[PDB]
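Undergrad: Please read through the structure below; I'll follow up with questions.
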Amino acid sequence: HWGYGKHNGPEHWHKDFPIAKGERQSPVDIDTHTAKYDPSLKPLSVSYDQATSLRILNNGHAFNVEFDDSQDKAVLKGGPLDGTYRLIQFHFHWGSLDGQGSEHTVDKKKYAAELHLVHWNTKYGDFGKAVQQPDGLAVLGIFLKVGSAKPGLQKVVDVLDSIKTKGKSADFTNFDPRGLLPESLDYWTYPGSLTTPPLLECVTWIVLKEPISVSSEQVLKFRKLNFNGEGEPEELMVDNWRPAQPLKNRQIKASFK
Ligand SMILES: COc1cccc(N2C=Cc3cc(S(N)(=O)=O)sc3S2(=O)=O)c1
Ligand SMILES: [Hg+2]
Ligand SMILES: [Zn+2]
């Protein structure tokens with residue numbers, strides 16, 4: 001149903017998902033001058049050393065690397081969070097050109113792509129319960145800029161050939177998500193939602209200020225993915241991002257000054 005085309009893109013979402021015009025929708029523009037430094041903000045605790053990746057699959061919207069979240073293998077704690085959040089999957093949003101692709105912007109600036117490491121609040125038992133809570137999910141957002149190649153990203157880039165079309169999946173075990181992290185864990189944080197339908201407002205967004213760079217050839221491989229399934233007319237998977245939403249009654253807190 002929903003997609004990123006003129007006929008079923010972000011502008012049409014509200015018809016099937018009314019929360020699209022809700023009070024805490026993401027992504028948002030991060031205005032750095034009016035964001036508030038908060039000294040009571042704890043540092044992030046990202047423990048991804050016991051992470052266990054399982055699959056990589058094209059879902060017609062993006063490609064997702066899924067992880068085993070049956071136990072606290074890769075968790076997120078600290079920062080503005082209270083409780084442990086488990087990594088269940090990560091995905092990217094990218095554009096058809098280097099000047100677009102990220103969902104969140106910084107002072108209106110768009111990056112080439114954006115990585116979202118999705119975590120769910122373990123106090124809720126399972127992911128399905130978590131998406132029914134205002135503090136059910138924590139998504140770590142990381143910006144990707146085009147520059148030098150990101151070593152930890154190549155393994156993902158290589159397997160894209162086997163998951164070109166919608167519905168395809170491939171085994172993708174022993175992948176270390178720590179290769180996708182910037183050097184600094186400084187961040188901005190605000191209450192928001194999923195950036196794609198069902199557009200649920202259960203997310204505490206933690207967007208890192210430091211982006212990671214990837215070569216144009218690495219992000220180039222992203223653009224050869226297909227929205228369509230095999231045997232269907234080809235649709236390049238590009239621009240799978242949602243425009244910034246009004247901040248409304250919200251303030252973005254910074255962990256740095
Ligand atoms: C009942 O809601 C469900 C159930 C199962 C999966 C999802 N998901 C859908 C979209 C979606 C978009 C995300 S983003 N771009 O904001 O980080 S994270 C995410 S999801 O958790 O994978 C929602
Ligand atoms: Hg929710
Ligand atoms: Zn996303």
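Please note that chains go A, B, ... in the order of the structure tokens, that every chain numbers its residues from 1, and that ligands are numbered from 1 in the order shown.
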So which residues touch residue 223 in chain A within 8 Å, counting only C-alpha atoms, skipping near sequence neighbours fewer than 4 positions away, as a VMD selection string?
TA: chain A and resid 95 to 96 219 236 to 238
Undergrad: Find the nearest atom pair between each residue of chain A and ligand 3 for residues within 10 Å, count only C-alpha atoms and all ligand atoms, give distances in Å to one decimal, sort rows by chain and ascending number, and present the table as JSON lines.
TA:
{"residue": "A:26", "atom": "CA", "partner": "ligand 3", "partner_atom_place_in_ligand_line": "1 (Zn)", "distance": 10.0}
{"residue": "A:27", "atom": "CA", "partner": "ligand 3", "partner_atom_place_in_ligand_line": "1 (Zn)", "distance": 9.4}
{"residue": "A:61", "atom": "CA", "partner": "ligand 3", "partner_atom_place_in_ligand_line": "1 (Zn)", "distance": 9.8}
{"residue": "A:62", "atom": "CA", "partner": "ligand 3", "partner_atom_place_in_ligand_line": "1 (Zn)", "distance": 8.6}
{"residue": "A:64", "atom": "CA", "partner": "ligand 3", "partner_atom_place_in_ligand_line": "1 (Zn)", "distance": 9.6}
{"residue": "A:90", "atom": "CA", "partner": "ligand 3", "partner_atom_place_in_ligand_line": "1 (Zn)", "distance": 7.8}
{"residue": "A:91", "atom": "CA", "partner": "ligand 3", "partner_atom_place_in_ligand_line": "1 (Zn)", "distance": 6.0}
{"residue": "A:92", "atom": "CA", "partner": "ligand 3", "partner_atom_place_in_ligand_line": "1 (Zn)", "distance": 6.1}
{"residue": "A:93", "atom": "CA", "partner": "ligand 3", "partner_atom_place_in_ligand_line": "1 (Zn)", "distance": 6.1}
{"residue": "A:94", "atom": "CA", "partner": "ligand 3", "partner_atom_place_in_ligand_line": "1 (Zn)", "distance": 9.9}
{"residue": "A:102", "atom": "CA", "partner": "ligand 3", "partner_atom_place_in_ligand_line": "1 (Zn)", "distance": 9.3}
{"residue": "A:103", "atom": "CA", "partner": "ligand 3", "partner_atom_place_in_ligand_line": "1 (Zn)", "distance": 8.0}
{"residue": "A:114", "atom": "CA", "partner": "ligand 3", "partner_atom_place_in_ligand_line": "1 (Zn)", "distance": 7.6}
{"residue": "A:115", "atom": "CA", "partner": "ligand 3", "partner_atom_place_in_ligand_line": "1 (Zn)", "distance": 6.9}
{"residue": "A:116", "atom": "CA", "partner": "ligand 3", "partner_atom_place_in_ligand_line": "1 (Zn)", "distance": 5.1}
{"residue": "A:117", "atom": "CA", "partner": "ligand 3", "partner_atom_place_in_ligand_line": "1 (Zn)", "distance": 8.1}
{"residue": "A:118", "atom": "CA", "partner": "ligand 3", "partner_atom_place_in_ligand_line": "1 (Zn)", "distance": 8.1}
{"residue": "A:139", "atom": "CA", "partner": "ligand 3", "partner_atom_place_in_ligand_line": "1 (Zn)", "distance": 8.4}
{"residue": "A:140", "atom": "CA", "partner": "ligand 3", "partner_atom_place_in_ligand_line": "1 (Zn)", "distance": 9.6}
{"residue": "A:141", "atom": "CA", "partner": "ligand 3", "partner_atom_place_in_ligand_line": "1 (Zn)", "distance": 8.2}
{"residue": "A:194", "atom": "CA", "partner": "ligand 3", "partner_atom_place_in_ligand_line": "1 (Zn)", "distance": 7.1}
{"residue": "A:195", "atom": "CA", "partner": "ligand 3", "partner_atom_place_in_ligand_line": "1 (Zn)", "distance": 6.0}
{"residue": "A:196", "atom": "CA", "partner": "ligand 3", "partner_atom_place_in_ligand_line": "1 (Zn)", "distance": 7.2}
{"residue": "A:240", "atom": "CA", "partner": "ligand 3", "partner_atom_place_in_ligand_line": "1 (Zn)", "distance": 9.0}
{"residue": "A:241", "atom": "CA", "partner": "ligand 3", "partner_atom_place_in_ligand_line": "1 (Zn)", "distance": 7.9}
{"residue": "A:242", "atom": "CA", "partner": "ligand 3", "partner_atom_place_in_ligand_line": "1 (Zn)", "distance": 9.2}
Undergrad: Mind writing the picked residues with N, CA and C atoms as an mmCIF file, in the first residue's frame?
TA:
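For reference, part_28.cif as written:
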data_model
loop_
_atom_site.group_PDB
_atom_site.id
_atom_site.type_symbol
_atom_site.label_atom_id
_atom_site.label_comp_id
_atom_site.auth_asym_id
_atom_site.auth_seq_id
_atom_site.Cartn_x
_atom_site.Cartn_y
_atom_site.Cartn_z
ATOM 1 N N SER A 26 8.066 12.036 13.686
ATOM 2 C CA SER A 26 9.439 12.142 13.239
ATOM 3 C C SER A 26 9.452 11.910 11.728
ATOM 4 N N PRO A 27 10.526 12.330 11.064
ATOM 5 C CA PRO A 27 11.675 12.991 11.680
ATOM 6 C C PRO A 27 11.380 14.486 11.867
ATOM 7 N N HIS A 61 10.693 -1.683 1.092
ATOM 8 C CA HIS A 61 10.746 -0.337 1.646
ATOM 9 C C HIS A 61 12.202 0.030 1.917
ATOM 10 N N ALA A 62 12.983 -0.958 2.338
ATOM 11 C CA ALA A 62 14.403 -0.777 2.645
ATOM 12 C C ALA A 62 14.991 -2.164 2.877
ATOM 13 N N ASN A 64 16.808 -4.547 5.627
ATOM 14 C CA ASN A 64 16.971 -4.632 7.063
ATOM 15 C C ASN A 64 17.858 -5.782 7.510
ATOM 16 N N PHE A 90 18.440 -3.058 12.124
ATOM 17 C CA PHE A 90 18.893 -1.761 11.675
ATOM 18 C C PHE A 90 18.603 -1.670 10.185
ATOM 19 N N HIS A 91 18.412 -0.448 9.713
ATOM 20 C CA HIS A 91 18.119 -0.195 8.309
ATOM 21 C C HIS A 91 18.605 1.184 7.936
ATOM 22 N N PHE A 92 18.538 1.468 6.649
ATOM 23 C CA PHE A 92 18.973 2.744 6.142
ATOM 24 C C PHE A 92 17.877 3.418 5.356
ATOM 25 N N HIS A 93 18.048 4.713 5.179
ATOM 26 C CA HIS A 93 17.151 5.527 4.393
ATOM 27 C C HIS A 93 18.189 6.261 3.575
ATOM 28 N N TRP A 94 17.963 6.367 2.273
ATOM 29 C CA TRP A 94 18.934 7.028 1.432
ATOM 30 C C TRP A 94 18.243 7.717 0.283
ATOM 31 N N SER A 102 18.796 11.490 4.327
ATOM 32 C CA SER A 102 18.555 11.393 5.766
ATOM 33 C C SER A 102 17.152 11.904 6.011
ATOM 34 N N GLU A 103 16.538 11.410 7.073
ATOM 35 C CA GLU A 103 15.196 11.806 7.427
ATOM 36 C C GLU A 103 15.262 13.065 8.303
ATOM 37 N N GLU A 114 20.770 7.764 6.228
ATOM 38 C CA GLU A 114 20.605 7.719 7.659
ATOM 39 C C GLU A 114 20.367 6.303 8.139
ATOM 40 N N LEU A 115 21.121 5.927 9.160
ATOM 41 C CA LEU A 115 21.049 4.617 9.742
ATOM 42 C C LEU A 115 20.230 4.653 11.006
ATOM 43 N N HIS A 116 19.347 3.676 11.140
ATOM 44 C CA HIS A 116 18.505 3.566 12.303
ATOM 45 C C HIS A 116 18.681 2.221 12.952
ATOM 46 N N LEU A 117 19.251 2.208 14.150
ATOM 47 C CA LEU A 117 19.399 0.966 14.900
ATOM 48 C C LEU A 117 18.192 0.958 15.829
ATOM 49 N N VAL A 118 17.262 0.050 15.555
ATOM 50 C CA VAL A 118 16.019 -0.061 16.304
ATOM 51 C C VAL A 118 16.110 -0.948 17.537
ATOM 52 N N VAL A 139 15.459 4.542 19.028
ATOM 53 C CA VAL A 139 16.130 4.376 17.761
ATOM 54 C C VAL A 139 17.355 5.266 17.731
ATOM 55 N N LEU A 140 18.502 4.651 17.456
ATOM 56 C CA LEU A 140 19.762 5.354 17.362
ATOM 57 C C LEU A 140 19.889 5.750 15.914
ATOM 58 N N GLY A 141 19.918 7.042 15.660
ATOM 59 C CA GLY A 141 20.013 7.550 14.312
ATOM 60 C C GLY A 141 21.409 8.050 14.064
ATOM 61 N N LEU A 194 7.767 6.474 14.557
ATOM 62 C CA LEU A 194 8.397 5.685 13.498
ATOM 63 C C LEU A 194 8.291 6.639 12.331
ATOM 64 N N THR A 195 9.220 6.545 11.397
ATOM 65 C CA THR A 195 9.191 7.433 10.260
ATOM 66 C C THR A 195 8.478 6.824 9.071
ATOM 67 N N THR A 196 7.898 5.637 9.260
ATOM 68 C CA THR A 196 7.144 4.977 8.191
ATOM 69 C C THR A 196 5.901 4.432 8.850
ATOM 70 N N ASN A 240 13.838 6.639 0.026
ATOM 71 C CA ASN A 240 12.870 6.038 0.928
ATOM 72 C C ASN A 240 12.925 6.771 2.280
ATOM 73 N N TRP A 241 12.723 8.090 2.248
ATOM 74 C CA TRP A 241 12.763 8.929 3.445
ATOM 75 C C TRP A 241 11.539 9.825 3.554
ATOM 76 N N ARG A 242 11.188 10.171 4.785
ATOM 77 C CA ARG A 242 10.046 11.020 5.054
ATOM 78 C C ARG A 242 10.521 12.442 5.360
#
Undergrad: In range 22-203 of chain A, what's helix (DSSP H, G or I) per DSSP? Answer as a ChimeraX atom specification?
TA: /A:122-124,127-130,151-163,177-180
Undergrad: So that I have them on file, write out the residues from the current selection with N, CA, C and O atoms, as a tab-separated table (two decimals), in the first residue's frame.
TA:
chain	number	residue	atom	x	y	z
A	122	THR	N	12.90	-3.53	26.92
A	122	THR	CA	12.71	-4.86	27.48
A	122	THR	C	11.71	-4.99	28.61
A	122	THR	O	11.19	-6.08	28.85
A	123	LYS	N	11.40	-3.89	29.30
A	123	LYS	CA	10.43	-3.99	30.38
A	123	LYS	C	9.08	-4.46	29.84
A	123	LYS	O	8.25	-4.97	30.59
A	124	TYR	N	8.88	-4.33	28.53
A	124	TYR	CA	7.62	-4.72	27.91
A	124	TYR	C	7.48	-6.16	27.40
A	124	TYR	O	6.45	-6.50	26.80
A	127	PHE	N	8.63	-7.18	21.39
A	127	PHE	CA	8.55	-6.02	20.52
A	127	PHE	C	7.12	-5.54	20.29
A	127	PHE	O	6.85	-4.33	20.25
A	128	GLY	N	6.20	-6.48	20.11
A	128	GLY	CA	4.81	-6.14	19.87
A	128	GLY	C	4.17	-5.36	21.00
A	128	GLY	O	3.27	-4.55	20.76
A	129	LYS	N	4.59	-5.63	22.22
A	129	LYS	CA	4.07	-4.91	23.37
A	129	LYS	C	4.71	-3.53	23.40
A	129	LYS	O	4.03	-2.52	23.62
A	130	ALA	N	6.00	-3.48	23.11
A	130	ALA	CA	6.75	-2.24	23.11
A	130	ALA	C	6.15	-1.17	22.20
A	130	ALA	O	6.13	0.01	22.57
A	151	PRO	N	34.70	0.77	6.40
A	151	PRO	CA	35.05	-0.65	6.41
A	151	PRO	C	33.96	-1.59	6.89
A	151	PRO	O	33.62	-2.55	6.20
A	152	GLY	N	33.37	-1.28	8.04
A	152	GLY	CA	32.33	-2.13	8.59
A	152	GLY	C	31.06	-2.18	7.77
A	152	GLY	O	30.17	-2.98	8.05
A	153	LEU	N	30.96	-1.34	6.75
A	153	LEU	CA	29.78	-1.30	5.91
A	153	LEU	C	29.93	-2.17	4.67
A	153	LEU	O	28.93	-2.57	4.08
A	154	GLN	N	31.15	-2.50	4.29
A	154	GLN	CA	31.35	-3.29	3.08
A	154	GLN	C	30.67	-4.66	3.05
A	154	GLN	O	30.09	-5.04	2.03
A	155	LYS	N	30.68	-5.37	4.17
A	155	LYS	CA	30.05	-6.69	4.25
A	155	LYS	C	28.58	-6.62	3.86
A	155	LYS	O	28.04	-7.53	3.24
A	156	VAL	N	27.93	-5.52	4.23
A	156	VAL	CA	26.52	-5.28	3.93
A	156	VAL	C	26.42	-4.96	2.44
A	156	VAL	O	25.59	-5.51	1.71
A	157	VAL	N	27.30	-4.08	1.99
A	157	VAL	CA	27.32	-3.68	0.60
A	157	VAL	C	27.52	-4.86	-0.38
A	157	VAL	O	26.88	-4.91	-1.44
A	158	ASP	N	28.33	-5.84	0.01
A	158	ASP	CA	28.60	-7.01	-0.83
A	158	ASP	C	27.39	-7.92	-1.03
A	158	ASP	O	27.13	-8.39	-2.13
A	159	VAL	N	26.62	-8.15	0.03
A	159	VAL	CA	25.47	-9.03	-0.02
A	159	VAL	C	24.21	-8.44	-0.71
A	159	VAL	O	23.24	-9.17	-0.98
A	160	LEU	N	24.23	-7.15	-1.03
A	160	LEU	CA	23.05	-6.55	-1.64
A	160	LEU	C	22.63	-7.20	-2.95
A	160	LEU	O	21.45	-7.18	-3.31
A	161	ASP	N	23.57	-7.78	-3.66
A	161	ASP	CA	23.28	-8.45	-4.93
A	161	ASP	C	22.29	-9.60	-4.79
A	161	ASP	O	21.50	-9.86	-5.69
A	162	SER	N	22.32	-10.27	-3.66
A	162	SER	CA	21.46	-11.41	-3.42
A	162	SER	C	20.08	-11.07	-2.88
A	162	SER	O	19.24	-11.96	-2.71
A	163	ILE	N	19.85	-9.79	-2.58
A	163	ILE	CA	18.55	-9.36	-2.05
A	163	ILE	C	18.06	-8.15	-2.83
A	163	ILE	O	17.42	-7.25	-2.28
A	177	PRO	N	27.82	-4.76	14.43
A	177	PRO	CA	27.23	-3.42	14.28
A	177	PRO	C	28.11	-2.28	14.81
A	177	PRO	O	27.94	-1.13	14.42
A	178	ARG	N	29.12	-2.63	15.62
A	178	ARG	CA	30.04	-1.62	16.14
A	178	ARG	C	30.88	-0.95	15.06
A	178	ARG	O	31.47	0.11	15.28
A	179	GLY	N	30.90	-1.56	13.88
A	179	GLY	CA	31.67	-0.98	12.79
A	179	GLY	C	30.91	0.16	12.16
A	179	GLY	O	31.45	0.86	11.32
A	180	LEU	N	29.66	0.35	12.57
A	180	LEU	CA	28.85	1.43	12.02
A	180	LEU	C	28.76	2.67	12.91
A	180	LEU	O	28.10	3.65	12.55
Undergrad: Out of A:39, A:101, A:60, A:167, which residue has the shortest atom-to-atom distance to residue 244 in chain A when counting only C-alpha atoms?
TA: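 So, comparing all the options, the nearest one is A:101.
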Undergrad: Give me, as number ranges by chain, all polymer residues having an atom no more than 12 Å from range 104-109 of chain A, counting only C-alpha atoms and skipping those fewer than 2 positions away in the same chain.
TA: A: 25-35, 93-94, 98-102, 111-116, 140-145, 187-190, 192, 195, 205-211, 241-247, 252
Undergrad: Using only C-alpha atoms and all ligand atoms, which protein or nucleic acid residues are at most 10 Å from ligand 2, as a PyMOL selection string?
TA: chain A and resi 129-137+192-194+199-203
Undergrad: Would you write out those residues with N, CA, C and O atoms, as a PDB file, in the first residue's frame?
TA:
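Result written to again-v1.pdb:
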ATOM      1  N   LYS A 129       4.590  -5.628  22.222  1.00  0.00           N
ATOM      2  CA  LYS A 129       4.067  -4.914  23.368  1.00  0.00           C
ATOM      3  C   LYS A 129       4.705  -3.529  23.396  1.00  0.00           C
ATOM      4  O   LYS A 129       4.028  -2.522  23.623  1.00  0.00           O
ATOM      5  N   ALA A 130       6.002  -3.484  23.115  1.00  0.00           N
ATOM      6  CA  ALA A 130       6.753  -2.240  23.110  1.00  0.00           C
ATOM      7  C   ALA A 130       6.150  -1.169  22.204  1.00  0.00           C
ATOM      8  O   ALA A 130       6.129   0.013  22.567  1.00  0.00           O
ATOM      9  N   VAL A 131       5.635  -1.570  21.045  1.00  0.00           N
ATOM     10  CA  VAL A 131       5.046  -0.607  20.123  1.00  0.00           C
ATOM     11  C   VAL A 131       3.670  -0.109  20.546  1.00  0.00           C
ATOM     12  O   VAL A 131       2.951   0.506  19.764  1.00  0.00           O
ATOM     13  N   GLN A 132       3.299  -0.388  21.786  1.00  0.00           N
ATOM     14  CA  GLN A 132       2.031   0.069  22.331  1.00  0.00           C
ATOM     15  C   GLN A 132       2.342   1.027  23.496  1.00  0.00           C
ATOM     16  O   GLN A 132       1.441   1.446  24.226  1.00  0.00           O
ATOM     17  N   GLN A 133       3.612   1.401  23.639  1.00  0.00           N
ATOM     18  CA  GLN A 133       4.039   2.271  24.731  1.00  0.00           C
ATOM     19  C   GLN A 133       4.749   3.540  24.274  1.00  0.00           C
ATOM     20  O   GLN A 133       5.572   3.506  23.348  1.00  0.00           O
ATOM     21  N   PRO A 134       4.513   4.665  24.981  1.00  0.00           N
ATOM     22  CA  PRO A 134       5.144   5.946  24.624  1.00  0.00           C
ATOM     23  C   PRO A 134       6.670   5.908  24.758  1.00  0.00           C
ATOM     24  O   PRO A 134       7.383   6.722  24.165  1.00  0.00           O
ATOM     25  N   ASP A 135       7.165   4.956  25.541  1.00  0.00           N
ATOM     26  CA  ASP A 135       8.607   4.789  25.706  1.00  0.00           C
ATOM     27  C   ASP A 135       9.019   3.356  25.322  1.00  0.00           C
ATOM     28  O   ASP A 135       9.965   2.802  25.860  1.00  0.00           O
ATOM     29  N   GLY A 136       8.306   2.790  24.355  1.00  0.00           N
ATOM     30  CA  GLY A 136       8.578   1.437  23.920  1.00  0.00           C
ATOM     31  C   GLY A 136       9.818   1.222  23.081  1.00  0.00           C
ATOM     32  O   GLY A 136      10.430   0.161  23.163  1.00  0.00           O
ATOM     33  N   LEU A 137      10.207   2.217  22.294  1.00  0.00           N
ATOM     34  CA  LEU A 137      11.362   2.064  21.424  1.00  0.00           C
ATOM     35  C   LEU A 137      12.374   3.172  21.546  1.00  0.00           C
ATOM     36  O   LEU A 137      12.035   4.308  21.877  1.00  0.00           O
ATOM     37  N   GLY A 192       9.562  11.121  19.732  1.00  0.00           N
ATOM     38  CA  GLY A 192       9.041  11.069  18.373  1.00  0.00           C
ATOM     39  C   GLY A 192       8.299   9.793  17.993  1.00  0.00           C
ATOM     40  O   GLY A 192       7.748   9.100  18.854  1.00  0.00           O
ATOM     41  N   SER A 193       8.297   9.481  16.697  1.00  0.00           N
ATOM     42  CA  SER A 193       7.599   8.310  16.167  1.00  0.00           C
ATOM     43  C   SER A 193       8.406   7.492  15.135  1.00  0.00           C
ATOM     44  O   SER A 193       9.570   7.773  14.864  1.00  0.00           O
ATOM     45  N   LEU A 194       7.767   6.474  14.557  1.00  0.00           N
ATOM     46  CA  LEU A 194       8.397   5.685  13.498  1.00  0.00           C
ATOM     47  C   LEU A 194       8.291   6.639  12.331  1.00  0.00           C
ATOM     48  O   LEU A 194       7.349   7.443  12.264  1.00  0.00           O
ATOM     49  N   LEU A 199       3.580   4.548  11.722  1.00  0.00           N
ATOM     50  CA  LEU A 199       3.902   5.861  12.305  1.00  0.00           C
ATOM     51  C   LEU A 199       3.596   5.994  13.804  1.00  0.00           C
ATOM     52  O   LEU A 199       3.228   7.070  14.280  1.00  0.00           O
ATOM     53  N   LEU A 200       3.794   4.910  14.545  1.00  0.00           N
ATOM     54  CA  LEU A 200       3.533   4.881  15.981  1.00  0.00           C
ATOM     55  C   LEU A 200       4.446   5.826  16.775  1.00  0.00           C
ATOM     56  O   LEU A 200       5.643   5.941  16.504  1.00  0.00           O
ATOM     57  N   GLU A 201       3.874   6.494  17.767  1.00  0.00           N
ATOM     58  CA  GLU A 201       4.623   7.433  18.575  1.00  0.00           C
ATOM     59  C   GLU A 201       5.145   6.775  19.839  1.00  0.00           C
ATOM     60  O   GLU A 201       4.704   7.101  20.939  1.00  0.00           O
ATOM     61  N   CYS A 202       6.113   5.870  19.672  1.00  0.00           N
ATOM     62  CA  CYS A 202       6.699   5.135  20.793  1.00  0.00           C
ATOM     63  C   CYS A 202       8.185   5.325  20.861  1.00  0.00           C
ATOM     64  O   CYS A 202       8.844   4.655  21.647  1.00  0.00           O
ATOM     65  N   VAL A 203       8.720   6.232  20.058  1.00  0.00           N
ATOM     66  CA  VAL A 203      10.163   6.391  19.985  1.00  0.00           C
ATOM     67  C   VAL A 203      10.884   7.541  20.698  1.00  0.00           C
ATOM     68  O   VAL A 203      10.486   8.704  20.621  1.00  0.00           O
TER      69      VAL A 203
END
Undergrad: Would you mind listing what lies within 9 Å of residue 81 in chain A as number ranges by chain, with only C-alpha atoms counted and same-chain residues fewer than 2 positions away left out?
TA: A: 42, 44, 76-79, 83-85, 135, 138, 204
Undergrad: Env of residue 16 in chain A: 9 Å cut, atoms = only C-alpha atoms, seq-sep filter 4 positions within chain, self excluded. Answer as a PyMOL selection string.
TA: chain A and resi 2+12+20+197-198
Undergrad: I need the residues from that last selection saved to file as a PDB file, in the first residue's frame (with N, CA, C and O atoms), if you can.
TA:
ATOM      1  N   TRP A   2       1.282   1.659   1.191  1.00  0.00           N
ATOM      2  CA  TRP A   2       2.099   2.850   1.326  1.00  0.00           C
ATOM      3  C   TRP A   2       3.451   2.663   0.669  1.00  0.00           C
ATOM      4  O   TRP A   2       3.954   1.534   0.551  1.00  0.00           O
ATOM      5  N   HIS A  12       0.396  10.960   1.322  1.00  0.00           N
ATOM      6  CA  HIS A  12      -0.859  10.217   1.291  1.00  0.00           C
ATOM      7  C   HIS A  12      -1.080   9.397   2.548  1.00  0.00           C
ATOM      8  O   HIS A  12      -2.197   8.937   2.803  1.00  0.00           O
ATOM      9  N   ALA A  20      -0.329  10.231  11.397  1.00  0.00           N
ATOM     10  CA  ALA A  20       0.629  10.939  10.554  1.00  0.00           C
ATOM     11  C   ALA A  20       0.640  12.435  10.865  1.00  0.00           C
ATOM     12  O   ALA A  20       1.612  13.131  10.574  1.00  0.00           O
ATOM     13  N   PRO A 197       4.845   4.164   8.060  1.00  0.00           N
ATOM     14  CA  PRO A 197       3.634   3.623   8.667  1.00  0.00           C
ATOM     15  C   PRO A 197       4.043   2.359   9.422  1.00  0.00           C
ATOM     16  O   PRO A 197       4.992   1.684   9.021  1.00  0.00           O
ATOM     17  N   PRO A 198       3.335   2.002  10.504  1.00  0.00           N
ATOM     18  CA  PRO A 198       2.169   2.613  11.149  1.00  0.00           C
ATOM     19  C   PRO A 198       2.384   3.972  11.852  1.00  0.00           C
ATOM     20  O   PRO A 198       1.481   4.473  12.513  1.00  0.00           O
TER      21      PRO A 198
END
Undergrad: So which one's closest to ligand 1, A:72, A:66, A:234, A:183? Using only C-alpha atoms and all ligand atoms, please.
TA: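 Among A:72, A:66, A:234, A:183, it is A:66 that comes nearest to ligand 1.
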Undergrad: Restricting the calculation to only C-alpha atoms: of A:164, A:148, A:49, A:10, which residue gets closest to residue 221 in chain A?
TA: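 That would be A:164, the residue with the smallest distance to residue 221 in chain A.
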Undergrad: Have a look at A:185, A:170, A:254, A:149 and name the one nearest to residue 220 in chain A; count only C-alpha atoms.
TA: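 Going through A:185, A:170, A:254, A:149 one by one, the smallest distance to residue 220 in chain A is for A:149.
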Undergrad: Would you mind reading off the distance between CA of residue 248 in chain A and CA of residue 43 in chain A, one decimal, in Å?
TA: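 These two atoms are separated by 26.5 Å.
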Undergrad: Of the candidates A:215, A:89, A:226, A:165, which shows the shortest atom-to-atom distance to ligand 1, using only C-alpha atoms and all ligand atoms?
TA: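 Counting only C-alpha atoms and all ligand atoms, the residue closest to ligand 1 is A:89.
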